[PDB]
Structures are given as C-alpha cells and as structure tokens.
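Student: part one of the complex, untouched from its place in the assembly:
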Amino acid sequence: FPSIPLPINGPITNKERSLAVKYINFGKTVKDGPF
Amino acid sequence: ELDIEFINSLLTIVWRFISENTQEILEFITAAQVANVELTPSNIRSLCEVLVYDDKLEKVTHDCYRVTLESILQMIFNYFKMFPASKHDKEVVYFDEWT
C-alpha cells in the first residue's frame, strides 16, 4: 500500500553473506546459554 | 530566459565542456549552431548555479568551476545498479509509512 522504498534493496553479496551467519549463532549462544 | 522548457538542452553542453578540464564560457556557446539570441555573464552565472545544486559542478575561488566527478556516476552512494526485488517479497523497506 505504501510506495517510495529505500534504495537498500540488493540480492545478498557473499562479502556480507558470511556477515549474516555471525548474527544467527550469536543469539543461539545467548538464548541457549544461561538466559 | 524564456519560461517554457528546453533550458537544460544547453546545460548538458556546458557540462560536457568542463568534463575534459567564467568569461571563457561565453565564447564556446556562440559557435556550434547554438539556437540562442542573447548571452551575458550575468545570465551564465545564473545558468551555472543550477548544476551547483545538482552537484554536477563545483564552485572554487569565487569564479572557477571544476567537475565533482559525477561523470563516473553518469557513465555507499551508488544509487543505480541497486535493482529491487519488489515481487512476492514482504520484508522490504519503505521511506513513507511511518508518518
């Protein structure tokens, strides 16, 4: 329903595809840890 | 000068002129079959302030003008070669829809 997107709309580059792996295992450490 | 369009048809000429690298700017316009009737340095400064606002040229030393190297953008700050997905995609970012 709303128009006018931000220009940050890119298929993910392998320069930062490894960067998105470091997030999902960070919370997997903390959630499955003590808390 | 005249209120109807085709202003920018001459501003592409002055920007191709400087990209190779204000009194000299007048005499390039007089040649080259330019459809003109009256030139003056008072006008060409007002003709030059347009591309100051687009950052297609730069103002240095109160009268000199350089290219901002937007020719390399003409050919992150890289606003083409970012094509969207836009189709069957839900998690896309919009500039409106927070107001």
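Tutor: Yep, it's here. Numbering: from 1, shown residues only, chains lettered A, B, ... in the order given.

Student: who's in contact with the residue most central in space within chain A?
Tutor: What sits nearest the mean C-alpha location of chain A, by Cα atoms, centre = their mean, is residue A:20, with 4.6 Å. When contacts are counted by Cβ atoms under 8 Å, 6 or more residues apart in numbering or on different chains, residue A:20 is found next to residue A:12. C-beta: built from backbone N, CA, C; applies to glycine.

Student: got the phi/psi numbers for the residue nearest to residue B:79 when sequence neighbours are not counted?
Tutor: Leaving aside its sequence neighbours, residue B:79 sits nearest to residue A:7 (Cβ to Cβ, 6 or more residues apart in numbering or on different chains; 5.4 Å). When read as degrees, to the nearest 10, the backbone of residue A:7 gives phi -80, psi 0.

Student: how many other residues sit next to residue A:7?
Tutor: Residues near residue A:7, counting by other Cβ atoms under 10 Å in any protein chain shown, number 14.

Student: Surely it and residue B:83 touch.
Tutor: No: contact between residue A:7 and residue B:83 fails when scored by Cβ atoms under 8 Å: they sit 10.0 Å apart.

Student: ok, so what distance separates the residue lying closest to residue B:29 once chain neighbours are set aside from chain A?
Tutor: The shortest distance from residue B:29 to any non-neighbouring residue, by Cβ to Cβ, 6+ apart, is to residue B:39 (6.1 Å). Computed as Cβ to the nearest Cβ, to the nearest Å, the residue B:39 to chain A distance reads 39 Å.

Student: again with residue B:65
Tutor: 29 Å.

Student: three-state assignment of that residue?
Tutor: Three-state call for residue B:65 (DSSP: H, G, I helix; E, B strand; the rest coil): strand.

Student: And for it, the neighbour number?
Tutor: Residue B:65 has 18 neighbours, counted by other Cβ under 10 Å.

Student: and if you look at residue B:56?
Tutor: When neighbours are defined as other Cβ under 10 Å, residue B:56 has 21 of them.

Student: That one contacts residue B:68, correct?
Tutor: Yes: in this structure, residue B:56 is within contact of residue B:68 by Cβ under 8 Å, at 6.4 Å.

Student: now the strands: where do they sit in the chain?
Tutor: No chain in the question, so chain A it is. Shown for chain A, no strands are assigned by DSSP state E.

Student: wait, I meant chain B there
Tutor: B:57-60, B:64-67.

Student: helices or strands up against the first one?
Tutor: What it means is strand B:57-60. helix B:41-53, strand B:64-67 (3 or more Cβ pairs under 8 Å, 6 or more residues apart in numbering or on different chains; DSSP states H and E).

Student: onto the same structure, chain C please:
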Amino acid sequence: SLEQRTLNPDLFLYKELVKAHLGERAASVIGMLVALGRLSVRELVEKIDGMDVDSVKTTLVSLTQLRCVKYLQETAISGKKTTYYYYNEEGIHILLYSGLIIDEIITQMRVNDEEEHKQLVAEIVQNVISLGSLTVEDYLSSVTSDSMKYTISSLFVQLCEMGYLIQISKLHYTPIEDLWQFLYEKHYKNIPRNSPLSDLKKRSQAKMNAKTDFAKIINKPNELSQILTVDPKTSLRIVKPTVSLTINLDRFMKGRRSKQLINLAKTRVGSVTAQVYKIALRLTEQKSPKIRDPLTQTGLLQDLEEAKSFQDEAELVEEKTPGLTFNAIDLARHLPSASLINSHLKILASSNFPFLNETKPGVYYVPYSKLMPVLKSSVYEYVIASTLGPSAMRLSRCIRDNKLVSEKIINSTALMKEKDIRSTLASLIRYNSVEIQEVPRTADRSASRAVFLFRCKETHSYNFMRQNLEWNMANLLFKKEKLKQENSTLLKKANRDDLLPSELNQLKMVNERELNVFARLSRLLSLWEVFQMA
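Tutor: Putting chain C onto the chains we already have gives this:
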C-alpha cells in the same frame, strides 16, 4: 501493520532487542524502565503484573550481567539505602552491533595471516560478553589445560593494548549524571566558609576543579599503566590475570565513524587517492578525539559562555594533541615517495571538504569538529535524491545556501517549470526538510492575504530522519522473530537432532529469506549511525 506504525517510539527498538535473544521475562522490565524513567525495586513490582518480588531480582540479574542496566544508590537521613536502577543505552547497542564487531577484529588486526585462531579470535569476542563480564581465569581453566594458551594469553595483550578491552569499574556501570553530582558536592565541601567575596565565583570554584576531576576520573579506566603485569619469568609482558574486563563501544564507534568517512573520499576522488587516505586514517584510530563527548551529555550546556568552552578548548584539544598530527613522511613505509606522498595528499587540501585542510606547514592533520557537520548534511541530501526525485536534490540545496527563500526568487535561483515545483516541494513539507515562515500583512494573521517564506532549520530535519530509521530497524526486527513463530515445530526438530525429504523445502526458503534481513539491517545501520555524531 497500522497497529505498529503509530504508537511506537524508540521504545519499540529497545523492547525487541532483549526480546530477540533473551527470555520474555526481561522484555517486560526494561520496557518499564524506559517508559517510566527510573524507579527502585520496591515500586517496580507494583507497575508490572505477573512477576514475584524475588523473581524480579532473578530477572534483574540477567540484564545486570550483560550490562543492560545501570544502578544508583542514594540514602535518606531518615530512611535506609534505596537502589534506584536506570536503563543503559550503550550496553544494549552492543547487542545491536554484535554481528559487526566479529568482522571488526578482522579488518583492524591485519598483521597475521593463515592463523589457527581465526576460528578462536572470532569466538573470543563471543566469549567476552555473551557470558556478560569476563576475567582471565575463566578461559584458561577451560576443557583444555594447556592447548598452547601461553600463545593465546599473550595474543590478547596484542588485542587489548590496541583498545576496546578496558577493565570495567563502577564508572562504566553507573550513568554520567549521578557521578557528577556527588563530586560537585565533594568539591563544594572541599572549600569551606570564611570567604565572603565573589560568592558566585566561589560556587563556581568547585566547578573549575570538578572539570579537572571529570576528565581525570574517566581516564582512570583508559590509563594503561595499571592493566598489565610485568613478570620476569617465562615471558616478557602480560595482562594482569586478576582483571575483570569486557569490550568497549567507543573505539569501535570511533573506528566505525572513520570507516564511515573514507566512503566520502571514494566519491570525491577516484580510487588511487582513496587508497592513499586509508593508511593515514587507520593509524589515528587508536587515539582519536571522543565521538560521544561525555563532556556535553548533561551539565552546563544551557548557558552559552560555558557552551562555547565545550568546543573552544576541545578544538584546542584536537589542534594541540601530539599523537595524531602526522609528519606526512612516515606514510610511505606504511603503504605496501615523499613527492607522491605529498602530491596525492595535496589534492586533499584542495578539495573544499575540510579534511587534511587546516594545519601547520609540513605537519598536517585531519580536523574533526568542523568536518562531521559537513558529512551529516552530505549523506542526508543523497538519501532524498536516492528514494525520491532529483528535483528535490535541487530544491533542498537551493534553500540551504539561499537564506529564507520566497516563491519568486526560487524561480530566479533555480530553473524548473512552475507546475513541477509544487509536485516536489509539497513532498518536503510532509517530511520536514523545508518549513514555513509567515508574515501577516493584514489584521489578525489572515491566511489568504499573506505570503510565505521557507527555511532549512538544520536540526529538525535530522531528528525526524534519525527516528525514521530507528523505527525501520525495529520493524525489520519485528519480522525476525514473528517469522520464526510459524514453522516452529520443525525448528525444534532441527534442534532436537544435534528426515522427511519434502519438508526440507520449507526450512531453506524461510532461511534464505531471513538471510536478506541481516544484510538489509546492516546497510540501514550504516545509514543511521551517521546521525549520532552530535
């Protein structure tokens, strides 16, 4: 999604950070501290409903360890000691940037290659603060006894002396205003009665001394003469093993601002000089001036004769600091030619963006306090040109330098047709990059007999653009966990094994699509953090 987009400030950001990677029981308590300010445990239980009194303390020690709150004690003459607890805004930004420090160790520690702690030095940052606090005995007493950890322990003084591993204290875990008061009252009790003359200066006599205490007491964590042990056996130098240390945000934040500003170079020049500027940039990062400026946080910023001095001496700090004004001679050995060293740096001063502009002859340096105001206005105007029309880039620059434009000079200064300027300017009142200034030429401010003036108003346009992105970060965070609520019954099966051959399709296409989200968040976080150099 209109339920979200309306009644949710930056509280919607801080609520779902702790909700993402932590339990539900602590998203309700830090949502209450931000919504109410500050309140002790004796009235915290009255505000929430569904948490026992000692179950708050069990909940409160969870975000205590990750430094997500900050405490305070102030006693009464009649009553006992009361533990007022505040909210930590810098402790949870660590939980925001948490994926980016892992890739910040790599891009800053480049002396080593093909090392067998690449899988480990990526984990030490995951080891230091996902546990909360950290001390030296906690990793050496691990499942491995020796494991050549004398290399690993001496690896960390390479990684602490380069910064952002400061010993924690009561300074980092208390806020900044509740420290400034009782030292200002200590410096006031340092000077007694028995001087009647100029008592307004006597009230400021503590204030001149409390400034010298303020910059002193914040260097006590920074001071490196007491953070490591000289020991004449089996080694040369090592950190003190009895030190409780975590990561620090500032030199990451100063390194990010330096990473933010080299991208302006690659636009204003090609890639030769863009390669030149990286080397002199990266070397000044370990000692750069402060980004967040704990001087200007809370105090005497109200009056101008003090507010001038917050950048008068601070520019003199930047100008008369010895450890950044490089000689422009030692740069050739760092690049893998004192003519070309000076010549490729000569174009920096010639460009009208004041980085490497003002100096002493022969010894040149990059100023800060008169630069980052120009970065913030350069990135913001390109966002307008990127998401909406290039006519708005023309108009927003036009009203910027031309002070208080009207609607007739706007067609003298710029050149567009009259019908098209309404269809571009009216998109800028809606988002507050232009404003209205009115002159009533008749009685009682009547609108049809009145003309209207415009303005830039160079603070209101950046606050709205800040919070236009703090919501979009958190709205993308809202579709992170809400995507993980559907298709959850096989996420447990993907976590009980450590095989239906058709079910695996419904696990990858939800996982490749959330792979886009962390990359979209990182680009927007680069777009947001520029507006924090206040």
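
Student: Chain C added, so what about the contacts of residue A:20 now?
Tutor: Going by Cβ under 8 Å, 6+ apart, residue A:20 touches A:12, C:99, C:515, C:518-519.

Student: Look up how far residue C:73 lies from the closest residue to residue C:131 other than its chain neighbours.
Tutor: The shortest distance from residue C:131 to any non-neighbouring residue, by Cβ to Cβ, 6+ apart, is to residue C:138 (7.2 Å). The spacing between residue C:138 and residue C:73, counted by Cβ to Cβ, to the nearest Å, is 28 Å.

Student: cool, residue C:220 as well?
Tutor: Distance, residue C:220 to residue C:73, by Cβ to Cβ: 20 Å.

Student: for residue C:475, same thing?
Tutor: Distance from residue C:475 to residue C:73, by Cβ to Cβ: 38 Å.

Student: Have a look at the two and say which one is more surrounded.
Tutor: Higher neighbour count among residue C:475 and residue C:73: residue C:475, with 21 against 12, using other Cβ under 10 Å.

Student: Surely the more buried one is in contact with residue C:4?
Tutor: Yes: between residue C:475 and residue C:4 a contact is recorded at 6.5 Å, counting by Cβ under 8 Å.

Student: Show me the strands in chain C, by range?
Tutor: Using DSSP E, strands in chain C cover C:69-75, C:81-87, C:228-230, C:237-239, C:437-440, C:450-453.

Student: Off-centre distance for the first one?
Tutor: Spelled out, it's strand C:69-75. 24 Å (Cα atoms, centre = their mean, to the nearest Å).

Student: touching chain A at all, that strand?
Tutor: No: using Cβ under 8 Å from any Cβ of the partner chain, we find that strand C:69-75 stays clear of chain A, coming within 14.0 Å at best.

Student: could you say what helices and strands that strand packs with?
Tutor: For strand C:69-75, the elements it packs on are strand C:81-87, judged by 3+ Cβ pairs under 8 Å, 6+ apart.

Student: Could you check the angle the strand it packs on makes with strand C:69-75?
Tutor: Computed by axes from the mean of the first three to the mean of the last three Cα atoms, to 10 degrees, the angle separating strand C:81-87 from strand C:69-75 equals 150 degrees.

Student: ok, residues contacting strand C:81-87?
Tutor: Applying Cβ under 8 Å, 6+ apart, the set of residues contacting strand C:81-87 is C:14, C:30, C:33-34, C:38-42, C:44, C:60, C:69-76, C:175.

Student: Please, a ChimeraX command that selects the buried ones among the residues you listed?
Tutor: In ChimeraX, this line selects whichever of the contacts of strand C:81-87 come out buried by 16 or more other Cβ atoms under 10 Å in any protein chain shown:
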select /C:14,30,33,34,44,60,69,70,71,72,175
